[PDB]
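Structure record follows, encoded as structure tokens.
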Amino acid sequence: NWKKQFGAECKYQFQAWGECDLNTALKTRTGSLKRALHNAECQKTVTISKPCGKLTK
Amino acid sequence: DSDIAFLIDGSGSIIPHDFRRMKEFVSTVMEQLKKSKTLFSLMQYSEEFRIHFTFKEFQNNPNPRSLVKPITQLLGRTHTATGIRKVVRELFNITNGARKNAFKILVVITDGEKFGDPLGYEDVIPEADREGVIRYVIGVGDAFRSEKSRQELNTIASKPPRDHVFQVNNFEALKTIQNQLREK
């Protein structure tokens with residue numbers, strides 16, 4: 001995967017790590033928007049998937 | 001004698017509470033300035049543009065409360081510049097219901113931040129000024145707390161901007177605008 005990330009300038013809430021997909025060997029977490037700004041029209045929900053091995057770089 | 005069009009920002013930065021206030025404000029304006037020779041038009045915008053009722057439709061159903069009630073929030077980004085250009089070309093078009101010789105008045109109620117708009121104000125203001133479109137800006141949220149938002153409002157409002165920029169929470173503003181509308 002060569003996809004980076006979204007705008008972190010928005011106050012999100014990452015909830016539900018979800019079940020680990022035994023197919024791709026990854027896990028997806030959902031981030032929900034709780035408050036935005038005037039000079040920042042952000043999305044209501046975001047999705048992020050990471051390796052089931054829990055690697056952070 | 002006058003053609004008034006409403007442009008309301010319904011982006012994601014628009015809190016449902018204030019969006020509601022916009023609708024209430026518009027309805028009150030249409031209920032207060034209800035003249036036998038006065039039509040109204042309203043178009044909401046974000047990244048897209050949705051006309052809810054033209055001058056013709058309002059001429060068929062002169063019920064402000066019934067035209068503003070079904071108005072839902074679009075959400076998304078802001079296209080104030082692109083919107084202004086569209087308003088002076090589509091909203092104020094004879095085919096939609098715009099009249100000739102009648103004065104053009106555009107009330108812009110934006111969040112204050114035109115983010116995501118590929119067009120600038122310099123690309124639409126010289127156009128709106130040529131077609132003879134008077135601009136009135138109503139600031140909401142933090143539009144008067146930030147410098148960038150304040151100046152933006154002063155760039156949309158016809159000069160002098162001070163006498164053409166009012167607060168959405170300013171109830172006396174309606175009587176003020178209605179006053180200047182006499183010295184058109």
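Chain labels run A, B, ... following the order of the structure tokens; each chain numbers its residues from 1, and ligands are numbered from 1 in the order shown.
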
Restrict the calculation to only C-alpha atoms, then for each residue of range 43-156 of chain B with any atom at most 8 Å from an atom of range 41-50 of chain A give the closest atom pair and their distance in Å to one decimal, rows by chain and rising residue number, as a Markdown table.
```
| residue | atom | partner | partner_atom | distance |
| --- | --- | --- | --- | --- |
| B:76 | CA | A:41 | CA | 6.6 |
| B:77 | CA | A:41 | CA | 5.7 |
| B:115 | CA | A:41 | CA | 7.8 |
```

- prompt: Counting only C-alpha atoms, which residues from chain B have an atom at most 9 Å from any atom of chain A, and could you show them as a PyMOL selection string?
  reply: chain B and resi 11-14+75-78+111-116+141-143

- prompt: Mind checking DSSP for chain B and telling me the helix (DSSP H, G or I) residues as a count of residues only?
  reply: 69

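Here CA of residue 101 in chain B and CA of residue 133 in chain B stand 11.9 Å from one another.
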